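Participant: Sharing a structure, written as structure tokens. Questions coming.
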Amino acid sequence: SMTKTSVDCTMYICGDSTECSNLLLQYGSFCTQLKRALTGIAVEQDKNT
Amino acid sequence: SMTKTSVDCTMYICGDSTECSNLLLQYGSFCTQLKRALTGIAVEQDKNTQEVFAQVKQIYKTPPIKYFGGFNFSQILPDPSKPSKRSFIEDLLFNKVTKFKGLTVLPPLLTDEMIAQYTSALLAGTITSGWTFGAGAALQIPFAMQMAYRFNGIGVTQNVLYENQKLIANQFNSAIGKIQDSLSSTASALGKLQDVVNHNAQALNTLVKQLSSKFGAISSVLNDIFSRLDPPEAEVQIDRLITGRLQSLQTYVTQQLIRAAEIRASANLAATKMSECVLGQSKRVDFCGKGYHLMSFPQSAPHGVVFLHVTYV
Amino acid sequence: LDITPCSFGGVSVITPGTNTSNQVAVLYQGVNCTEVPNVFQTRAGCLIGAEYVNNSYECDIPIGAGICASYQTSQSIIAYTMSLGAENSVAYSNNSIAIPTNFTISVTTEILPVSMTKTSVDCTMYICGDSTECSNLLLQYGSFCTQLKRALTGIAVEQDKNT
Amino acid sequence: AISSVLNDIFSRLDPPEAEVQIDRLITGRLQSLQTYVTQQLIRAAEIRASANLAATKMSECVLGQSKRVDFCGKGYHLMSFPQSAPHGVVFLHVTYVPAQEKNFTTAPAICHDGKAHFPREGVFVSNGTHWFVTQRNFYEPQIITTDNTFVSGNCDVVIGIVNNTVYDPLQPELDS
Amino acid sequence: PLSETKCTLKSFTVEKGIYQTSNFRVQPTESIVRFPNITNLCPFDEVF
Amino acid sequence: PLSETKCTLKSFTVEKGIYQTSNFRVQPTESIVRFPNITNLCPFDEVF
Amino acid sequence: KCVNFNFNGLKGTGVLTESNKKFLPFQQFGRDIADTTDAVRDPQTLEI
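So the sequences go chain by chain: R, F, L, X, S, U and V.
So for the first sequence, PDB author numbering puts the first residue at 730; every next one is plus one.
All letters in the second sequence, in the order written, are residues 730 to 827, 854 to 1068 by PDB author numbering.
All letters in the third sequence, in the order written, are residues 585 to 621, 641 to 676, 689 to 778 by PDB author numbering.
So for the fourth sequence, PDB author numbering puts the first residue at 972; every next one is plus one.
So for the fifth sequence, PDB author numbering puts the first residue at 295; every next one is plus one.
So for the sixth sequence, PDB author numbering puts the first residue at 295; every next one is plus one.
So for the seventh sequence, PDB author numbering puts the first residue at 537; every next one is plus one.
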């Protein structure tokens, strides 16, 4: 197995900026797909045990 | 296998726009290289069907006398009275496992009738020849002699076979009917096939819903940028939209390629299990079933195989 | 009124090699040939430029959904269903057996690739074509190509590890 | 951008105006390098799994005899001889394939004196006149003795038994 | 279509195989121009 | 929180399992405005 | 010799050797497979 990790879309891209968070909505649901790929990693690390 | 998809850069990127295809030539050949990778995974899944199902080319057939020592093999064999060549388990296997933006779905080379004709040829060679038809020409071996060698591979003498021939065949036919009662009731037993079709379906709808996003532009509609704005000030909004639609297209080819690497390792595990559990007797422990492996009966499935591993417990 | 887009699809070319012949076979994939403007309709699409037959042989160029194609014989491109091999069943009874009386010793080759060509791409010469003004804004992008240099070294340290 | 040559961008435009055309050549060439190295690392993973399959073929087929079917060649594996090649190993797999066969009759056991006689090695075969013992991959008939058989139970519980005698070799040795 | 295989693959020799070159699409012929009807008028006859 | 799982999954039916919805963070309430002290002054009384 | 180049705006860095190919009288410069500057005729003397 490896180390299970997660990243936030709002916190890693925007360092507590309210004008950065509403400009991520023009990119769509793209940063959810990097969040959904890492949560799918964290299931199969528990399956490998 | 997986679902073969093909997407073009003419219709997915450009929503019937002549100026969008003229600015696509300035970027070079980004959509040409992902087109070569999408036909690379299209012939890989066609090679994965030939590596698993097409182990032998000789099509065998069952004798009409269905008597193998009290063994009921009518459920795993396809019914010739039906117009579709499917088995009694395989009627429940295909039942439980269930647009204009340039996305197409290619049909595979081997159809469902051609897969089940390959499956019934490997199933008829299991009961009439056993382990000899996967190593050259098939020989005529009776079913009482096939259980003598498969007991001898795990160190079991042949005295328990003939003295308990009524008890072994009643235990097998009750366990085959317990598979059909569990597969018709529990729909979550086929979840290893269900994540193959759902991840391909969730990759397709995210290609559609990323076209509604603007990627930093004022509009996602290509007609609204060209007809309203000044044409040197409009073209910097096209380069924001043609980069964000390409990066989501470069996202989709890269997640499918590691899914192609995951579907190549499982099909190589399937072709190992087609050659060790079906074509012979495996001497491994917990590979063709938990415990002492005797024989296996493969069945057809949507984008996969279904193994009926019997075990000595 | 129902808005439907008009009929579109992919065009593929089924052809042999140029040293053999020059005939082609146009496949309108996903398009029925009543809506396109010596012809055969398949499940993947209606095929233009192939003579459909009833017999099935060993083919080379696949099309889709069971239909395959090959160049045979006064020569043209023909199309048929994919043959699954010769049908030869084995008899069965409760008291007979078949024992082999002879064998043969054959050598079957198996080719597996192990390594590949180790490459190395530098950030200074590939991005900047011996340019000095390009390198000053190359430092503003952080450490992109330093990670690509570690990935290309990590590939090349696995290639002699694989040998 | 307007041009691909980086010397044509700097020596023609203003340095506030050439810099926005420079980063389109920077991020355009970095994205083409990023799709190269991700296709390289995907190709590095499948070339590792084939080399691990080749190392399994170097350990089981070459360094010994593997009992697997359709792994060290089609059929019963005897030996293997690897050969050198650029970027791969070419294996010469020697296999055992039967060619000619002949149909016979069979029975699972032999009723000698009320007790069932099961074959220890081989199977019971007959040419229509007498009953013999041979293996499953080759034809070599032997006479049914007590050394080639073993007794297990009576003849009333097994299915398919025929009546034949078993040649006991200790019985002519008392008068010889 | 033999020359369309050479136009995409950038080679003067085509090997035996199946190759995709381009895509077919029906071009638009006419253009429908629509407008609302002659209802909801304005009383311009009261001043003219 | 049952309706929070419906908005991030784009579905009106939530199955059995563990799902992540959003992130919690404590919002700021006050604002500390700081300035340096009143030393190193300049002799403005020499003309005023 | 590794020197700098300035040929009517066509800048570069490299050495200069004698070309053995045939060239055109109206030709300013040629291009390689990478479509960049690799062969320059002199505007005064005519050495490609």
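We put the CB at the ideal spot given by N, CA and C, even for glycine.
Here's a check: name, in chain order, each residue in its chain whose Cβ is nearer than 8 Å to the Cβ of X/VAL1122, leaving out the five neighbours to either side.
Facilitator: If we look at X/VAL1122 and ignore the five residues flanking it on each side, its Cβ neighbours are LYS1086, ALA1087, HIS1088, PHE1089.
Participant: For F/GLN804 and F/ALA944, I'd like the C-alpha separation in whole angstroms.
Facilitator: When rounded, the distance between both Cα atoms is 19 Å.
Participant: Can you find the residues in the same chain that come closer than 6 Å, C-beta to C-beta, to L/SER735, ignoring five residues on each side of it along the sequence?
Facilitator: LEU767.
Participant: What three-state label does DSSP hand L/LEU763 in the structure shown?
Facilitator: Reduced to three states, the DSSP call for L/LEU763 is helix.
Participant: Closest to F/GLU819 by CA distance: which of F/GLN762, F/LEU806, F/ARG905, F/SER810 is it?
Facilitator: Checking every option, the nearest Cα to that of F/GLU819 belongs to F/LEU806.
Participant: Based on Cα-Cα distance, which residue from L/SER758, L/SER689, L/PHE718 lies nearest to F/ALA892?
Facilitator: Of the listed residues, the one whose Cα sits closest to F/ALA892 is L/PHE718.
Participant: Any Cβ of chain L within less than 9 Å of the Cβ of F/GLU868?
Facilitator: With 9 Å as the cut-off, F/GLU868 counts as an interface residue toward chain L.
Participant: On the DSSP letters alone, give me the boundaries of the beta strand (DSSP E) that X/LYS1073 sits inside.
Facilitator: It spans 1072-1077 - the beta strand (DSSP E) in which X/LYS1073 sits, taken as one unbroken run.
Participant: Take every Cβ of the stretch 603-616 of chain L, pair it with every Cβ of the stretch 690-703 of chain L, and state whether three or more of those distances are shorter than 8 Å.
Facilitator: Judged by Cβ distances under 8 Å, the stretch 603-616 of chain L makes contact with the stretch 690-703 of chain L, as three or more pairs qualify.
Participant: According to DSSP, is F/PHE823 helix, strand or coil?
Facilitator: Reduced to three states, the DSSP call for F/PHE823 is helix.
Participant: Look at the alpha carbon of X/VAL1068 and the alpha carbon of X/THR1105, and state the distance between them as a whole number of angstroms.
Facilitator: Whole-angstrom Cα-Cα distance: 18 Å.
Participant: Who are the neighbours of L/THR716 on chain X, taking C-beta pairs under 8 Å?
Facilitator: Those are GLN1071, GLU1072, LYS1073, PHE1109, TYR1110, listed as they occur along chain X.
Participant: What would DSSP say about V/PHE541, mapped onto helix, strand or coil?
Facilitator: If DSSP states are grouped into helix, strand and coil, V/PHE541 belongs with the strands.
Participant: Is there contact here, the stretch 992-1009 of chain X with the stretch 555-575 of chain V, by at least three beta-carbon pairs under 8 Å?
Facilitator: Touching, no, given that fewer than three Cβ pairs across the two stretches are closer than 8 Å.
Participant: Only counting the same chain, and skipping five residues up and downstream in sequence, which positions put a Cβ closer than 6 Å to that of F/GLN1036?
Facilitator: Hits under 6 Å: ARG905, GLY908.
Participant: Given 8 Å as the limit, is there contact between the stretch 748-768 of chain F and the stretch 757-777 of chain R, that is, 3 or more CB pairs closer than that?
Facilitator: Short answer: they don't touch.
Participant: Look at the alpha carbon of residue 946 of chain X and the alpha carbon of F/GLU1031, and state the distance between them as a whole number of angstroms.
Facilitator: With chain X represented from 972 up to 1147, any question about residue 946 of chain X goes unanswered, as that position is not in the structure.
Participant: Among the candidates F/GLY1059, F/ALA871, F/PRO863, F/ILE896, whose CA atom is the shortest distance from the CA of X/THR1076?
Facilitator: Nearest C-alpha to X/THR1076: F/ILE896.
Participant: Taking only beta-carbon atoms, is L/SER698 less than 9 Å away from chain S?
Facilitator: L/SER698 does not count as touching chain S.
Participant: L/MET740 by DSSP, collapsed to three states: which one?
Facilitator: In this structure, L/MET740 counts as helix in the three-state DSSP scheme.
Participant: Would you verify that the beta carbon of L/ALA701 is, or is not, closer than 9 Å to some beta carbon of chain F?
Facilitator: Yes, its Cβ sits closer than 9 Å to a Cβ of chain F.
Participant: Looking only at its own chain, which residues have a Cβ that is under 8 Å from the Cβ of X/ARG1107, when we skip the five neighbours before and after it?
Facilitator: So the list reads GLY1093, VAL1094, once near-sequence residues are dropped.
Participant: Between the C-alpha atoms of L/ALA668 and L/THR599, what's the straight-line distance to the nearest angstrom?
Facilitator: Answer to the nearest angstrom: the Cα atoms are 19 Å apart.
Participant: Is it a yes or a no for the stretch 780-796 of chain F touching the stretch 698-707 of chain L, going by three-plus beta-carbon pairs under 8 Å?
Facilitator: Yes, they touch.
Participant: For the beta strand (DSSP E) containing X/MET1050, name the first residue and the last one.
Facilitator: Counting along the chain, the beta strand (DSSP E) containing X/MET1050 begins and ends at 1047-1056.
Participant: Quick one: grab the DSSP three-state call for U/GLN314.
Facilitator: Coil at U/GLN314, not helix or strand.
Participant: If we ignore side chains and look at the alpha-carbon of each, how far apart do X/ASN1074 and X/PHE1109 end up?
Facilitator: So the two alpha carbons sit approximately 13 Å from each other.
Participant: Pick out whichever of F/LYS1028, F/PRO1053, F/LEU1012, F/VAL826 has its Cα sitting closest to the Cα of F/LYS733.
Facilitator: Cα-wise, what sits closest to F/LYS733 is F/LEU1012.
Participant: Contact criterion: CB-CB distance below 9 Å. Does F/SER968 meet it with respect to chain R?
Facilitator: At least one chain R Cβ lies under 9 Å of F/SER968.
Participant: Nearest chain A C-beta to F/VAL785 closer than 9 Å, yes or no?
Facilitator: Absent from the structure: chain A. Protein chains present are R, F, L, X, S, U and V.
Participant: Answer with yes or no whether the minimum CB distance from X/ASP979 to chain V is below 9 Å.
Facilitator: Chain V contact via Cβ: present.
Participant: Within its chain, find whatever has a CB closer than 6 Å to the CB of F/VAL1060; leave out the 5 residues flanking it on each side and keep chain order.
Facilitator: Closer than 6 Å at Cβ, skipping near neighbours: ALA1025, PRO1053.
Participant: Check each candidate in F/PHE797, F/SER939, F/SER967, F/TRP886 and name the one with the smallest Cα separation from F/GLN920.
Facilitator: Cα-wise, what sits closest to F/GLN920 is F/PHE797.
Participant: Kindly say whether X/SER974, judged by its beta-carbon, lies nearer than 9 Å to any beta-carbon of chain V.
Facilitator: Taking Cβ atoms only, chain V never reaches closer than 9 Å to X/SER974, which makes this a no.
Participant: Write down the C-beta distance between X/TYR1138 and X/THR1116 rounded to the nearest angstrom, noting that I regard them as a contact closer than 8 Å.
Facilitator: Their Cβ separation, rounded to whole angstroms, is 5 Å, which keeps X/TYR1138 and X/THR1116 in contact under 8 Å.
Participant: Closer than 9 Å, CB to CB, is L/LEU753 near chain X or not?
Facilitator: Yes - at least one Cβ of chain X is within 9 Å of the one on L/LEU753.
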